[PDB]
There are 4 protein chains.
Amino acid sequence: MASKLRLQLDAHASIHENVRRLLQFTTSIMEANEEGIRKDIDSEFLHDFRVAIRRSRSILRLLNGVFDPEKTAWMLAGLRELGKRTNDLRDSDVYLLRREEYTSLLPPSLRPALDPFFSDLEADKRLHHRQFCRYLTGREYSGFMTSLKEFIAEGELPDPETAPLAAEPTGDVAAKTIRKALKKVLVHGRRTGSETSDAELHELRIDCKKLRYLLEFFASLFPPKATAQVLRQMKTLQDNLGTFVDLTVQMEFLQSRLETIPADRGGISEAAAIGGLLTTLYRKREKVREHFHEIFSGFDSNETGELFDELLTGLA
Amino acid sequence: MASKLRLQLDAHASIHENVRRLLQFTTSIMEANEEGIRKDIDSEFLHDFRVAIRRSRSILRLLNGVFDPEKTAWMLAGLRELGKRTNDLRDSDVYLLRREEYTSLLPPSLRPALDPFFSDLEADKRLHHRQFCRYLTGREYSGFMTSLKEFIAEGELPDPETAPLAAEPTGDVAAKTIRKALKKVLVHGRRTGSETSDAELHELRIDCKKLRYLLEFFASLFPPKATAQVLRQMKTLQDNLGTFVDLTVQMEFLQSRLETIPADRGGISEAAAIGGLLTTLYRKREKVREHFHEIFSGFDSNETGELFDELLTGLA
Amino acid sequence: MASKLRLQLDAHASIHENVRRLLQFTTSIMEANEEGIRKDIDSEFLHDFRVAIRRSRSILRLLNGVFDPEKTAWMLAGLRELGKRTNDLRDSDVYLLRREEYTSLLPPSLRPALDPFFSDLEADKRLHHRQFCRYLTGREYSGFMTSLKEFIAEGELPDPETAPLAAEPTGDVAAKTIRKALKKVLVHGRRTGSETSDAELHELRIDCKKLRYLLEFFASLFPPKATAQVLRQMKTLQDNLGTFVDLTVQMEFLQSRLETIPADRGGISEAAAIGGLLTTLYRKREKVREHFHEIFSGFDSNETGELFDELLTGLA
Amino acid sequence: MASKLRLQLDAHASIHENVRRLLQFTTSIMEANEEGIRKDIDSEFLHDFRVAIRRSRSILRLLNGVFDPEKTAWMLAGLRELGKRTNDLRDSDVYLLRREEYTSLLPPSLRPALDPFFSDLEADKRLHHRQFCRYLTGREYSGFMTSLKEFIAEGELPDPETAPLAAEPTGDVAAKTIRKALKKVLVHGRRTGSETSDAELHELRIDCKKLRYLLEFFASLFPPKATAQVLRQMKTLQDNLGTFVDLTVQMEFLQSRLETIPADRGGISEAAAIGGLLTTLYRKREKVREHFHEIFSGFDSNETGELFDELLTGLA
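Residues numbered from 1 in each chain as written, not as in the entry; some residues may be left out. Chains lettered and ligands numbered in written order. Heavy atoms only, no water. Residues with missing side-chain atoms left out of burial classes, pairs and counts.

This deposited entry lists X-ray crystallography as its structure determination method and 1.720 Å as its resolution.

Shown next as structure tokens:
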């Protein structure tokens, strides 16, 4: 319930006012999810907490200059540290949720060796849940969140010589940053020759995310159909890049677990099961890679250019 | 924004009161989505409209006896007719959204023959959108929705001899129907021998949906972690059955389009492209079928039984 | 050059005479391949040596009763022992030949862990080659082969009360055993319901091999087109069963290697690579299993019945 | 029985003498297969006939200069025309043999539409068999084969100024052409960047075939183990290129049939079935393409260089 909600923004208000409203929104989502994290109700609470952090940090970087550099660095560092504090707990949840999926991919002879693997994930989950709850109930977290909400409540415009973007009308900044983000997707996707490297796809996934975040933040400035059509136009490409990277992340996680499997007889069976998963995910990922070129060429169309022009029409 | 929202229910109120609150909720979602359907903002509006209808009808059947038989039949028939009125428009949206996905599956030589296919879908979409908007702005729709909201606002309990379930406490009905729905999933899944037929999987998908709908309707009666854990336990199985049936539905749609392709030279190329999609979806669906047995056996576990017992503890 | 060569048989000679000509043929192929085995020229020499053994043993069992029971048991036991003596050497050759195939299936991160695996196979190959060459140059092998060629050169018919089939005309025995072998394929394939178990497919593969061996042994008794058409009719089914079992055998080999991987850190990486291969072969094998029912139903046709009738016409 | 047979060559005889022995061999295989083609016993007879033609033409081009230019052109043109005369008949046989394979790939709903497709192939087969038998029994074929065997029986060395290679010792020509063919595989495979184009793979398949043909022609000049090891080293790469091109050829055949399917209602169903096959073969071919880079890099190794050096040692 964090990526599905939109703000009502005034296109004529300063970008400073509207980014502060964004951060009031995302910090409210953070705090609203603490109780569910603490009570370990469901994995979705930590996920929305993380989504709010990630969108906050990404917009703060895209709109660098709306706030003073010191305050910007401070918000980015505290939010980065907070997100990193959730990584181990988030990993435990995600791979536990994949247990039956992963088990079904393997031969029957290799399925039992995953049981100790998942029991160890459950033990990790309890450890990292306790650790992150002490963090959440701690003064250092309380202090950062209190300072952050106080700062974003400060409506006075910053020094324009150190925060040059702050006083700019929201519509102007939206037009300029969305055009910039679109150009970055198109240029980078066109640069993607035949090699279709891991690095290129990883970057382009982030390029598309930045574009999406901007569209969702500024949605209320545009006719709703126009925003919705641009988001739809991006979806197949984003799904291809997202699955490619997600499979990469899963393979990186499983590879790191191989490095710390016990070097003994029970480890051998677990290693074979983990190798089976790595290999199957690898094969899946190469099929996804095979489709990237067509899907991007279909995105890089005249209709796509026209839809962004129709979106941004009448802005400067 | 219809499948993600939960009601606050009183476990001690009559089931009649709480099912009326369900229907006030689902009808409100219906009406809230009319404007977006009419303005053709995005496909999600019709989807949530349909989800609200489908969950309303399914709960009304699961809880047959909360309302008088004539009123029950009337609500089911009007909601069925309303849903069926959305089918053609919904199909146009869904297969248009699949355009780049479908195009990427085919050899380059067959991709161009899909362009007239999708232009014809777009023409269908405009036709069915105009037709469904005249329906939405019509007196017959207005009249049904007005009568339905008036009926669900009538708080007097019905004749217990013709609506025997109405006066029952909500907690009792929840316990009995969730246990019944769970038993139906387990029995039917165990009956699924090696043949793993289309009919068996289609039925079991509906069995799982009924169970899920009941859990989501009655969620607020239980500790949140307990509800969330039961829903998570079901997810991999539901995803397997859901993909199996969804691929079936897509194949049935593409098969019906083959029957009406023009019997001429341009039709030949389109038919080859449609055959390529049918065949590829078929191959995907058989791999999904291959995983059903393992995924169900993993669902049909002692932990699953224990979680439902913990969910329903203290109820009768 | 053992499975591709046919004998010229006289349909009116006794089956005893013609099975002795078969065994003179297969033993000649055995001896002709010794030099290439000894000089380790290529893997094909041991393969043809094994093919000749396997076809000899299988026909001896199918035509039980052409020879006295003691001589039959003696030939079967000596040929079985000889074949088993080639298994380790044959395995080394086969999996060494699969090295690049296997390496290409794995993620880059798992490919290096196969290098010690294949170096150990090469060491095994040299060991088992030396062992089997001492065997080949030994008196015990020389003695068995000398006794076997002397026995098959003995043209006197055996005691008909202990070898009741020996004096039967070749055409009669061909007709009866080919019809019996065909019925066994059809019955067993029809018994294969939806479970399509490993045991059923393993058996049916052998049923088809026995039928093929009989057709190839008795080929010269029939019009060449008729034999060739029956063999072609069987091919797709035999290829499906053959790949199914071959993948099973490869998985069994890789599973046995997992059991003896060192329980230490270098073993962990090798185990992951072996698990990746096992899993990928497993997935391939389930797709092959998925096609069995259609392929068998296509073999179990009226045309197939008619072709065998045309093959055997005029015989009793 | 044409690609499996080797000549005994004298390394010190002129290349002219030994290429004439090659052509006596390949023409003998051609004539030996006429009867089986005429009686339509099995598809293998036309296949070996074609293999003999293809290897004859390829060696004649690789060793251009062993014969006078006019005689070389004459042999190449007559052999090319003869091979082309077999193409339609060969296609009928090959796709008829694929009937059950192709049928098993398709959804049940599309399988019946292939029956008229294969009945039409059978009708084509009978047509092209009758046509090619009139050709085989004709004076024009008889005359060419008589002239060809007379020419290859002419042992006098040709004019060295117009056939400069003829008098060269066989060992020298073998060393030079095998080294040249190997370099051409390695250079072209290394030039294959990430694009891995259809053209590049098609060419490299032919590069590998030329190398293989030379090794098999000159096999008896080298220690048998050395030849066998070089052929084994090439096998996985040749299998990858061979499957890639074979799938391409099958797709080209099915694409050409789409162009001539009747533009009417029965054609629509057949087109969908053909499109399903095209698409499935396409997907298979892209997976094969995905493995090319690894398989080639494994072939392009130090061991491969060393094995060719050991093969050619002591030659100039």
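Having put the structure on the table, let's press on.
*Asks:* Looking at this structure, I do not really get the pattern of salt bridges. What am I missing?
*Replies:* Going through the model one piece at a time under the given rule, you end up with 76 salt bridges over all chains. Among the ionic pairs, B:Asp42 bridges to A:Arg232, the shortest N-O distance being 2.7 Å. Of this pair, B:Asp42 sits in the loop between helix 1 (15-38) and helix 2 (43-62) while A:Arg232 sits in helix 10 (residues 224-258), placing the two residues on different chains. Since its relative accessible area comes to 15%, B:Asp42 is described here as buried. We classify A:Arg232 as partly exposed; its relative accessible area is 29%. Salt bridges linked by common partners bring A:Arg6, A:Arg55, A:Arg212 and A:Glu216 together as one network. (Salt bridge = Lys/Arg side-chain N within 4 Å of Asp/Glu carboxyl O. Helix = DSSP H or I, 4+ residues; strand = E, 2+ residues; numbered from the N terminus. Buried < 20%, exposed > 50% of the residue type's maximum accessible area, 1.4 Å probe, protein only.)

*Asks:* What's the story with a negative patch on the surface in this structure? I'm lost.
*Replies:* A cluster of acidic side chains, namely A:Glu122, B:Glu303, B:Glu306, B:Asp309 and B:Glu310, defines a negative patch on the protein surface. The topology assignment puts B:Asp309 in helix 12 (residues 302-311). According to the relative accessible area criterion, B:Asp309 is exposed, its value standing at 55%. (Patch = residues over 30% accessible without salt bridge, like charges linked within 9 Å, V, L, I, M, F, W, Y side chains within 5 Å. Areas by Shrake-Rupley, 256 points an atom, 1.4 Å probe, with all protein chains shown as cover. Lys, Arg positive; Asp, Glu negative; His and termini not counted. Charge placed at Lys NZ, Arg CZ, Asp CG, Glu CD.)

*Asks:* Sorry if this is basic, but what is going on with the UniProt feature "domain: CHAD" (unreviewed entry) in chain A here?
*Replies:* In the numbering used here, UniProt assigns the feature "domain: CHAD" (unreviewed entry) to residues 12-301 of chain A. Annotation note: span residues 12-301 of chain A, helix share 79%, strand share 0%, distance between end C-alpha atoms 32 Å. (UniProt positions renumbered as here; feature names shortened; annotations may be inferred.)

*Asks:* For this particular structure, what's the right way to read the relation of the copies chain C and chain A?
*Replies:* The second copy of the chain is related to the first by a rotation about an axis and a shift along the axis. Between the two copies, chain C and chain A, the superposition gives an RMSD of 0.0 Å; the rotation angle is 180 degrees and the shift along the axis is 0.0 Å. On the angle and the small slide along the axis, the relation comes out as a two-fold axis. The overlap is high: 100% of the interface residues of chain C also sit at the interface in chain A, so the same surface is used on both sides. (Least-squares fit on C-alpha atoms. Contact = heavy atoms within 4.5 Å.)

*Asks:* Please clarify how the interface of chain C and chain A should be interpreted in this entry.
*Replies:* Where interface size is given, it is often the accessible area lost as the parts come together that is meant. Contacts between the two partners involve 27 residues from chain C, matched on the other side by 27 residues from chain A. Summed over both partners, the interface of chain C with chain A comes to about 2000 Å²; 61% of that surface belongs to carbon and sulfur atoms. Across the contact surface, chain C and chain A share 0 salt bridges. On inspection of chain C and its partner chain A, the count reaches 8 residue pairs in polar contact. Ranked by the residues each element gives to the side of chain C that touches chain A, the list is headed by helix 11 (residues 265-299) of chain C, at 12 residues. Classifying every residue of the side of chain C that touches chain A by side-chain character gives 14 nonpolar, 8 polar and 5 charged. (Buried area = accessible area lost by both parts, 1.4 Å probe. Polar contact = N/O pair within 3.5 Å; in protein donor to acceptor, adjacent residues only side chain to side chain. Nonpolar A, V, L, I, M, F, W, Y, C, P; charged D, E, K, R; others polar.)

*Asks:* Sorry, what's going on with helix 1 (residues 15-38) of chain D here?
*Replies:* Structurally, the α-helix is built with 3.6 residues per turn, so residues lying three or four positions apart point the same way. Residue and element names in this part refer to chain D. Here helix 1 spans 35 Å end to end across 24 residues, near enough to the 34 Å set by a 1.5 Å rise per residue. At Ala32, helix 1 shows its maximal bend, which comes to roughly 25 degrees. Positive backbone phi, approximately 45 degrees, marks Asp40, located one or two places after helix 1. (Expected span 1.5 Å × (residues − 1). Bend = angle between axes of the 7 residues up to and from the residue.)

*Asks:* Where do I start with the nonpolar core in this structure?
*Replies:* For soluble globular proteins, the rule of thumb is that nonpolar side chains tend to be buried together. Ranked by internal contacts, the top residues of the largest apolar core, which has 193 residues, are B:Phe49, B:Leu63, B:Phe218, D:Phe49, D:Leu63 and D:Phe218. Setting aside chain neighbours within four positions, we find B:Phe218 in contact with B:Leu9, B:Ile15, B:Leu63, B:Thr170, B:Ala174, B:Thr177 and B:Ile178. (Core = buried A, V, L, I, M, F, W, Y, C linked by side-chain atoms within 4.5 Å.)

*Asks:* When you look at unusual backbone geometry in this model, what are you seeing that I'm missing?
*Replies:* All names here are of chain C. A positive phi is found at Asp40, a non-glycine position, where the angle reads about 45 degrees. Considering the arrangement of structural elements, one finds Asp40 in the loop between helix 1 (15-38) and helix 2 (43-62). With a relative accessible area of 19%, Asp40 lands in the buried category.

*Asks:* I would appreciate a short explanation of the interface of chain D and chain A in the present structure.
*Replies:* Residue-level contacts link 7 residues of chain D with 7 residues of chain A. For the pairing of chain D and chain A, the buried interface totals around 540 Å² over both sides, and the portion due to carbon and sulfur atoms is 38%. By the criterion of area lost to chain A, the three top residues of chain D are D:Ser194, D:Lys287 and D:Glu290, representing 67% of everything that side buries. On inspection of chain D and its partner chain A, the count reaches 0 salt bridges. Summed over the shared surface of chain D and chain A, the number is 3 residue pairs in polar contact. Residues of the side of chain D that touches chain A, tallied by class, amount to no nonpolar, 2 polar and 5 charged.

*Asks:* I'm lost on the packing of aromatic side chains in this one. Help?
*Replies:* According to the stated counting rule, one finds 40 aromatic pairs over all chains in the structure shown. Between the aromatic rings of B:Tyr95 and B:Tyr102, the centroid separation amounts to 6.4 Å while the plane-to-plane angle is 40 degrees, which identifies the pairing as tilted. Of the residues examined, B:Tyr95 reaches a relative accessible area of 2% and is grouped as buried. With a relative accessible area of 0%, B:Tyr102 lands in the buried category. Among the aromatic residues, those joined into a cluster by ring pairs are A:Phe49, A:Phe132, A:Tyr135 and A:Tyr141. For C:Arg98, the ring lying beneath its charged end belongs to C:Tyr95, and the centroid distance is 5.5 Å. (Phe/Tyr/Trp six-rings, centres within 6.5 Å; stacked < 30°, edge-to-face > 60°. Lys NZ or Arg CZ within 6 Å of the ring centre and 35° of its normal.)

*Asks:* Just checking my understanding: could you explain the environment of C:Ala273 for this structure?
*Replies:* Residue and element names in this part refer to chain C. The topology assignment puts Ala273 in helix 11. Between the alpha carbons of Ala273 and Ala113 there is a distance of 6.5 Å; along the sequence they are 160 residues apart. Excluding its chain neighbours within four sequence positions, the residues that come into contact with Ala273 are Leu106, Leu110, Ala113 and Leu114.

*Asks:* Please clarify how the relation of the copies chain D and chain A should be interpreted in this entry.
*Replies:* Relative to chain A, chain D is turned by 180 degrees and slid 0.0 Å along the rotation axis, the superposed coordinates differing by an RMSD of 0.0 Å. A shared binding surface is used by both copies, with 100% of the interface residues of chain D retained as interface residues in chain A.

*Asks:* Looking at this structure, how should I read the side chain of C:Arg55?
*Replies:* All names here are of chain C. Considering the arrangement of structural elements, one finds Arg55 in helix 2. Taking the relative accessible area as the measure of exposure, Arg55 reaches 18% and is therefore buried. When near neighbours in sequence (up to four residues on either side) are disregarded, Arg55 contacts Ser3, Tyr213 and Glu216.

*Asks:* I tried to follow the environment of D:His128 on my own but got confused; where do I start?
*Replies:* Residue and element names in this part refer to chain D. One can find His128 in helix 6 (residues 114-136). Looking at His128, the relative accessible area reads 15%, which means it is buried. Separated by 75 residues in sequence, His128 and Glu203 place their C-alpha atoms 30 Å apart. When near neighbours in sequence (up to four residues on either side) are disregarded, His128 contacts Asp88, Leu89 and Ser92. A polar contact is formed between the side chain of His128 and the backbone oxygen of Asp124, at a distance of 2.7 Å.

*Asks:* Looking at this structure, I do not really get helix 3 (residues 69-85) of chain D. What am I missing?
*Replies:* Residues and elements named next belong to chain D. With 17 residues, helix 3 extends 24 Å between its outermost C-alpha atoms, agreeing within 8% with the 24 Å of an ideal straight helix rising 1.5 Å per residue. Those residues of helix 3 that fall on the buried side of the exposure criterion are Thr72, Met75, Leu76, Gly78, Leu79, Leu82 and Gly83. Contact partners of the buried residues in helix 3: helix 1, helix 2 (43-62), helix 4 (87-97), helix 6 and helix 7 (139-153).

*Asks:* So what exactly am I meant to see when it comes to the packing of helix 3 of chain D against helix 7 of chain D here?
*Replies:* How two helices pack is summed up by the angle between their axes together with the distance between the axes. All names here are of chain D. Contact geometry for helix 3 and helix 7: axes closest at 11 Å, N-to-C directions at 140 degrees. In this structure, the crossing between helix 3 and helix 7 has a hand that is left-handed. The segment helix 3 lies against helix 7, with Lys71, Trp74, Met75, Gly78, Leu79, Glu81 and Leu82 engaging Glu140, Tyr141, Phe144, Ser147, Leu148 and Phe151. Its residues assigned to classes, the contact of helix 3 with helix 7 comprises 8 nonpolar, 2 polar and 3 charged. (Axes fitted to C-alpha atoms, helices over the stretch in contact; angles between N-to-C directions. Left-handed = near helix turned anticlockwise from the far one by under 90°.)

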